[PDB]
Amino acid sequence: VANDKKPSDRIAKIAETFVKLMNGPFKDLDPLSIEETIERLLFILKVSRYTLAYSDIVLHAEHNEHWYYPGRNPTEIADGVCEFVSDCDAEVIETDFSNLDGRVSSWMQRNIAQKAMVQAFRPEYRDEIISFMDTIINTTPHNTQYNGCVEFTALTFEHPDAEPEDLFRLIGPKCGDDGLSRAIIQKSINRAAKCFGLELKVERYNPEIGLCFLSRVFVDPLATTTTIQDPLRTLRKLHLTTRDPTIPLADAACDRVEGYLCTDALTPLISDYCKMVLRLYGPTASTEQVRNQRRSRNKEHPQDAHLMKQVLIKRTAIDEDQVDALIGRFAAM
Amino acid sequence: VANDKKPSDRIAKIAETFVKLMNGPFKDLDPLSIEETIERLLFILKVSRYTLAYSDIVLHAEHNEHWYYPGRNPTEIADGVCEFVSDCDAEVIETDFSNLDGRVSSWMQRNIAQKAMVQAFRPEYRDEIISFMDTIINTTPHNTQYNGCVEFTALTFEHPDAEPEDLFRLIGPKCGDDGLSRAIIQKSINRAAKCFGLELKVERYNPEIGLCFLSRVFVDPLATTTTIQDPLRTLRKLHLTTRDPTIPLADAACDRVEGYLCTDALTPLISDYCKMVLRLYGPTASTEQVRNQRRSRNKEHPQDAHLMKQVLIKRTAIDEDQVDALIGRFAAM
Amino acid sequence: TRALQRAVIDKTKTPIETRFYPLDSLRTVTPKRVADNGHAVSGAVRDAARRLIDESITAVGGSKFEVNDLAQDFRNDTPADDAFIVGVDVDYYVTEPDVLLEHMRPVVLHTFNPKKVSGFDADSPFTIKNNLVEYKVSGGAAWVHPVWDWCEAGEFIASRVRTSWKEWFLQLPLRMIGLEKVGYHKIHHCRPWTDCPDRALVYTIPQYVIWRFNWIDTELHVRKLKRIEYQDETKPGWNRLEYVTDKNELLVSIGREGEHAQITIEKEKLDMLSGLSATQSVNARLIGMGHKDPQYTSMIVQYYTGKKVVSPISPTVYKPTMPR
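Residues numbered from 1 in each chain as written, not as in the entry; some residues may be left out. Chains lettered and ligands numbered in written order. Part of a larger assembly, values for the part shown. Heavy atoms only, no water. Residues with missing side-chain atoms left out of burial classes, pairs and counts.

Per the deposited record, cryo-EM is how this structure was determined, to a resolution of 3.1 Å.

Per the PDB entry, the recorded name for chain C is RNA-directed RNA polymerase, and the organism is Flock House virus.

You'll find chain A entered in the PDB entry as RNA-directed RNA polymerase, with Flock House virus given as the organism.

Draft legend 1. Quick look at the environment of C:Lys307. All names here are of chain C. Tracing the chain through its elements places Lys307 in the segment after helix 7 (294–305). Taking the C-alpha atoms as reference points, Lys307 and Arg256, 51 residues apart in sequence, are found 9.4 Å from one another. Those residues in contact with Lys307 that sit more than four places away from it in its chain are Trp238, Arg256 and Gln302. (Helix = DSSP H or I, 4+ residues; strand = E, 2+ residues; numbered from the N terminus. Contact = heavy atoms within 4.5 Å.)

Draft legend 2. The arrangement of the interface of chain B and chain C in detail. The interface is formed by nine residues belonging to chain B together with four residues belonging to chain C. Broken down by secondary-structure element, the contributors of at least two residues to the side of chain B that touches chain C are helix 1 (9–23) and helix 6 (126–137) of chain B.

Draft legend 3. Spotlight on unusual backbone geometry. All names here are of chain C. Backbone geometry places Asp73, a non-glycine residue, at a positive phi of 55°. One can find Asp73 in the loop between strand 1 (64–67) and strand 2 (84–88). Despite not being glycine, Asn248 shows a phi value in the positive range, around 60°. Locating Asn248 in the fold gives a position in the loop between strand 11 (238–245) and strand 12 (249–256).

Draft legend 4. Main features of the packing of aromatic side chains. Residues and elements named next belong to chain C. A centroid spacing of 6.1 Å and a plane angle of 70° characterise the contact between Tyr92 and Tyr93, whose relative ring orientation is edge-to-face. Their ring planes at 65° and their centres at 5.5 Å tell us that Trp238 and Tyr303 sit as a pair that is edge-to-face. You can see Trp238 sitting in strand 11 and its partner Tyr303 sitting in helix 7, a full 65 residues away along the chain. Grouped by ring-pair contacts, the aromatic residues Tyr92, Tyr93, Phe112, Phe126, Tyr135 and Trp143 constitute a single cluster. A cation over a ring is seen here: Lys13 above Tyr208, with NZ or CZ 4.7 Å from the ring centre. One residue, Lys235, lies across the ring of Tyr303, its end atom 4.3 Å from the ring centre. (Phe/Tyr/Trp six-rings, centres within 6.5 Å; stacked < 30°, edge-to-face > 60°. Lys NZ or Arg CZ within 6 Å of the ring centre and 35° of its normal.)

Draft legend 5. Spatial organisation of the packing of helix 6 (residues 279–289) of chain C against helix 7 of chain C. Residue and element names in this part refer to chain C. Between helix 6 and helix 7, the least distance of the axes is 10 Å, while the angle of their chain directions is 145°. Helix 6 and helix 7 meet at a crossing whose hand is right-handed. Together, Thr279, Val282, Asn283 and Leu286 of helix 6 and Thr297, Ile300, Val301 and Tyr304 of helix 7 make up the contact between the two elements. (Axes fitted to C-alpha atoms, helices over the stretch in contact; angles between N-to-C directions. Left-handed = near helix turned anticlockwise from the far one by under 90°.)

Draft legend 6. Representation of the sheet that holds strand 3 (residues 107–112) of chain C within the structure. All names here are of chain C. Pairing in this open sheet of five strands is mixed, and the strands run 1-2-3-10-9 from one edge to the other. The outermost strands of the open sheet, each flanked by one partner alone, are strand 1 and strand 9 (179–189). Averaged over all neighbouring strand pairs, the angle between strand axes comes to 30°, with direction disregarded. Summarising the sheet, strand 3 and strand 10 (residues 199–213) pair through six bridges and their orientation is antiparallel. Along strand 10, the bridge assignment pairs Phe112 with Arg199. Across the sheet, helix 4 (residues 165–177) is in contact with strand 9 and strand 10; its angle to strand 9 comes to roughly 80°. (Pairing = 2+ DSSP bridges.)

Structure follows, in structure tokens:
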């Protein structure tokens, strides 16, 4: 659903200041060769060749590590999240956007992303990048840029008397559709989204139900960095498999449970399901080398185990006796 | 809720006379250095650097001690209150303002506080102070200035034929949203507030229910200076804790009861609650050094014990047999 | 021409700013009604203006030099250099606004700049004859003074500056040639009272001084204050006035000189009516628009035909004054 909601006059100066702060000290850049782009990490290649270099140079710089979390290993993500929650003393807010790529306006697209790309890249490459942006208007970096712009707008609205550089220095971790911010702008974020024309969903941090971030649940971010898959999103749908019909059910289930072990080995109410899938569909599945040579293969802390159990129970609103009964039923099947 | 209710023509002369009497003999002043302001007692600093000096110089002078109680130790506050009640022979009135900072009008702000600050400070600092006031329009001293202005207006309306200096010399103790005044202007205070455009709440002093001042209850101000926390405001809400979720309940309760002991050690119906909190949440709480190193730590006369008990009963409208039953129930839990 | 280059190059300005604090309080002040009920009195309006200016000046913390003819004779009071100049209803007293503007200092002035060509200002009747306003102060004498055109387009002004007799001797040979020492000012007028739309709260700030050539034009076409010419050169014996409304309307006020009746009409309607061939057509069109009031259509017809009437000068009995 395309939208053409231009922002107000005042917000334009805030957006320009945010873009300039994003530019930082990297005035000049050069495009990457086709071979280097191909070995990095059709239609994706032509934009990737420039966008990967732009991200790696500007968005992964010294003065842009405060907010651009997108682009780091999951261990690095967990470390950053724990550091941010320690800094904010467990006072953080979560942002959940609905169809951001389907809702970003033309003015935002042509005044944030296009401006940033043109300022980052060399003048001799202006035509190619502008043509690529025009083709885009009619991937990953766009969401991060939108999140950074919205964070800058919120910070500018919260403290209009501070210098833009100091305001932007407080930008918290942001990664695409998910991000973190101070809880003091919980109500003012909705007005900023309305001014830009975006829809924002915000939820106050609650230790009883855990914290939601990148479909990951932090059981107790104050002390431990233990983290698990989001139970709210996956439990209601994990019993149904959305793989293509051509794949046997056993191979898809095996890949799903292998990923779950790789990410959620010691999570209550999921380990039992994964083990029962491995016990039932496991022997009936095909050879694992066969599925490793098949395209659809990629189409999918012990100390606080008690606390993780209680946090999962709080997340799923299931009584402990009910949880034990469910665990017994799952294991005995 | 911003308001633009300018006062009448006659009231302007009264306000100017009050401002001049506030000025007194301190014609010239100088700003404080940043280091001195920092060691005194961002955004707070820029206004504090001037307002702290202005308060200390003018509002803490010899000829301005009659009304500016705000800025003294609690023992000094109790001594001043007892002296004032002895002077007024237990004939005093209490003022309770609702959202004064959210209700002071533009005319009042630009003709009381701005005028006082400009007259107090040196001419070479006029631009900085006027800019700071303009930023404020679009902390503690403002409430005291408003209370003094309203007291001066009431005194001027009561005795329009006396000299302004003699009228102002009768200004009683005032401290922010709370203050004391003569009971002879109980009805005329409402008309003065209406003229300025402010809302005033006044209650006649009643020895049976005690006197309310700074959330403090004077059991018998005629003879003793014994004072306790306000029972009306705290009893209905002391059972619920408003601390942030990240703090454990035990630490917040321990800090609350430690403060209550520091202020209300020998108050009936509160000492038992504090002791039971210390008995229950005490052992289950964390280390006290840990909470002393934690940010949320600061986020919280035996001879007349009989009289204090009876005054608390009168304040809470609870029968003595009912009070004894409640005390027994609290202790035995 | 090459003469234009001379003026462009010859800046030779000496900006002077005695840290005159901008009085933002006077600028952007919402309209106010001084009288709760009925209509306000002239004394009440004067008191309100004085109170507003006093509050602004004291809040800014500056000083003032109130004026109550060519020279203000400020030496008898010797105010401070930074103090402002404040005058209220001093149109009769001051021969020219140049008298106030020579001091090269900010001026806050409350003046009579009518938008109606005749009628009542507050409780004070006023009328325009020749080009002088025959104001009749409620509770005062009769003032006869012109209007010095504060509200015309253009924020930049040209004015004289103080000069001693020795300075006069120095500059007279240069003055006769066409060389003048000219100061520049920035004007703001607010019009703060709705019930009395004929009085304007003029505000002024000086910017810088310059030496200019009399017989050479200016690129920015800066203007110097001139007496308003209310007389209508097309219809002798009539006064015509134009002003712009806040709702995007360009109204015009017409009336005879030394005369009381007065009507306001949209300018476009007056231009359409002034070209009609027959007098009866004027009435026909006016009835078509829906104007049934005889006092309106009759005056419009009289203006159309340019009817001159020699109204007499007669004794007047004024309302008794009450100090209250």
